[PDB]
């Protein structure tokens, strides 16, 4: 299996030895504060040869923000993030739609085509760089909010499914309707069904055994804020 550990670039020194020991790939979150730090990117690129993807900046970003300076900053963050992704030899780059929490499904649907358009520049930059861009569900109420964005880009934009986000932030806690969007990339952890806990698999309420098995040949990112070995064991148990 292609199992990866999520970690911020700021904690790469802690992460690296654990990746090697467990045979894990990496998904490196690109701390905005570190985007200009050339040495850190070169250091990471030369030292690690496992499968690598990035998480692009997301905190307080939205291409569709009512604040035009936020819109500008968001575009710069995503584009520079992709430049760093290409530099690191990343296969995939994951990002958020920027939808605020608490939109109704109807409001979310109204964001779809404007988002599809705003993402053009970003999808095209990813294309030029040879990085696969993946939209992760965050605060979208339902998969119908994302389907038109994916369809509009005709296969150029992939989908990353985060079941905890659906459970805790959306109007669609059931993984099924999201899985119908055909995620090629999965963000894995467990939750108590209240907070985005980032627990190891097997510890919360998501019941991955009932839905994850068909997707074990796809890239799985452990988004866990504790030692990931328990989750890797869980996955190996499911794999046979």
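Numbering follows the first chain given and starts at 1.
Participant: Decide which of the stretches 227 to 235 and 18 to 26 has the higher mean C-alpha B-factor, going by the entry.
Facilitator: According to the PDB entry, the answer is 227 to 235.
Participant: Once you work out the mean C-alpha B-factor for both 172 to 180 and 195 to 203 from the entry, which is higher?
Facilitator: It is 195 to 203.
Participant: Highest Cα B-factor in the PDB entry belongs to which of 74, 128, 97, 104?
Facilitator: In the PDB entry, the greatest C-alpha B-factor among 74, 128, 97, 104 is found at 128.
Participant: Consider only the C-alpha atoms of the modelled residues in this chain, order them by B-factor as the entry records it, and name the third containing residue 188: lowest, middle or highest.
Facilitator: Its C-alpha B-factor belongs to the middle third of this chain's values.
Participant: Determine, from the deposited record, the chain-internal third of the Cα B-factor for residue 37: lowest, middle or highest.
Facilitator: Highest third.
Participant: C-alpha B factor of residue 215, ranked within the chain: lowest, middle or highest third?
Facilitator: Top third by C-alpha B-factor.
Participant: Looking at the entry's B-factor column for C-alpha atoms only, identify whether residue 51 ranks in the lowest, middle or highest third of its chain.
Facilitator: Middle third - that is where residue 51 ends up once the chain's C-alpha B-factors are sorted.
Participant: So where's residue 66 on the chain's Cα temperature factor ranking, which third?
Facilitator: Its C-alpha B-factor, which the entry lists for residue 66, ranks in the middle third among residues of this chain.
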